[PDB]
Structures are given as C-alpha cells and as structure tokens.
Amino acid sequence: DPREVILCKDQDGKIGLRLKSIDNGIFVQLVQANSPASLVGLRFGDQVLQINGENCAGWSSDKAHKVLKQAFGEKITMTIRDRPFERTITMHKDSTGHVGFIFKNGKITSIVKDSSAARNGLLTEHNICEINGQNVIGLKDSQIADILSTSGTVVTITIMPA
C-alpha cells in the first residue's frame, strides 16, 4: 500500500538519502540520522515508486540521484512502499548468550548448528536492518555485536535479502 511523502531539503539542499536500483525498482540504501528523509519516516529497504510524480521503474541509481539533485525548490514528493522485503525473526539467547549466527558488513554469512538461529530458519545473504526495533544500518560490525551482547534473552531481528 504506497504512501506519498513531502521532504523539505536541509540547509545544504540534501534530503539525507542514498538510493539503489534493484530488479528494475529503486530502494532506500541509506537514511542519514536527523535528515529530512529520517523525519518523514523513510527507512532502509523502502521502495521508491515515484519522485515528483515520475515513475522510478527502470531508473539507474545515478538517474534517481541526478533527478533528486536537479529537483528545483524546497519541496520533493516521493511515492513510497514501506520495506516490502522486510522479515522479522525472533530468537532466544542460549546459556552462553548466543543466538547462533556470523555476519560481515551487516550481512549474515553463516548459521550455527542447533542454535536459536537454526531453529528459527534465519537466512544468510540477508542484511541486518534492526535488532529489537533499533536501526543498525550504517553501524560497524563491532557496534552490531555490542547491541546483540547488550540485548535481553529475546532477540528480534529485521532482515532483508542483500
């Protein structure tokens, strides 16, 4: 169910967005903290259907970025589909405080045998988006580990295919 959003460019003329072309669509790759993008609810994995009423279908990442950069005025309109690839998985820490996965560059790379991750069908080649509702996009691997280590027993992660 798409929604329309209005962004007002900041002091530098930016909205705080990086976009990526995938499967002839345009998706939010990065939302800068406290940016116009952040303040209208944009998140990693949001799909951009329209920029200023023009279809993004088949646009390169460069084209989407050029269109945003060239946009005359204070106001940019986007049609957004909320994180359509988003999946949430709930795991429980074992006696050693582990849920049972390895990751690199925010991307899950292996599932530990007979772990909570194994029982719950956690998948590799998926980016970690949130841990217990907290956004981890753009964090270093050691900061993601810090958040997992400081979690209670219940660990809910939001993932998306890389």
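Just count from 1 along the sequence shown to find any residue number.
Looking at the deposited entry, does 9-17 or 147-155 carry the larger mean Cα B-factor?
Of 147-155 and 9-17, the stretch with the higher C-alpha B-factor average is 9-17.
Between 86-94 and 72-80, point out the one with the higher average CA B-factor as the PDB entry records it.
Between 72-80 and 86-94, it is 72-80 that shows the higher mean C-alpha B-factor.
From 124, 52, 132, 120, pick the one with the largest CA B-factor in the entry?
Reading the PDB entry, the winner on C-alpha B-factor is 52.
Using the temperature factors in the entry, find which of 110, 38, 116, 105 has the highest value at its Cα atom.
Top of the list by C-alpha B-factor: 38.
Taking the chain's C-alpha temperature factors as the reference, tell me which third residue 137 falls into: lowest, middle or highest.
According to the entry, residue 137 has a C-alpha B-factor in the chain's lowest third.
Consider only the C-alpha atoms of the modelled residues in this chain, order them by B-factor as the entry records it, and name the third containing residue 31: lowest, middle or highest.
Middle third - that is where residue 31 ends up once the chain's C-alpha B-factors are sorted.
How does the C-alpha B factor of residue 67 compare with the rest of the chain: lowest, middle or highest third?
Highest third - that is where residue 67 ends up once the chain's C-alpha B-factors are sorted.
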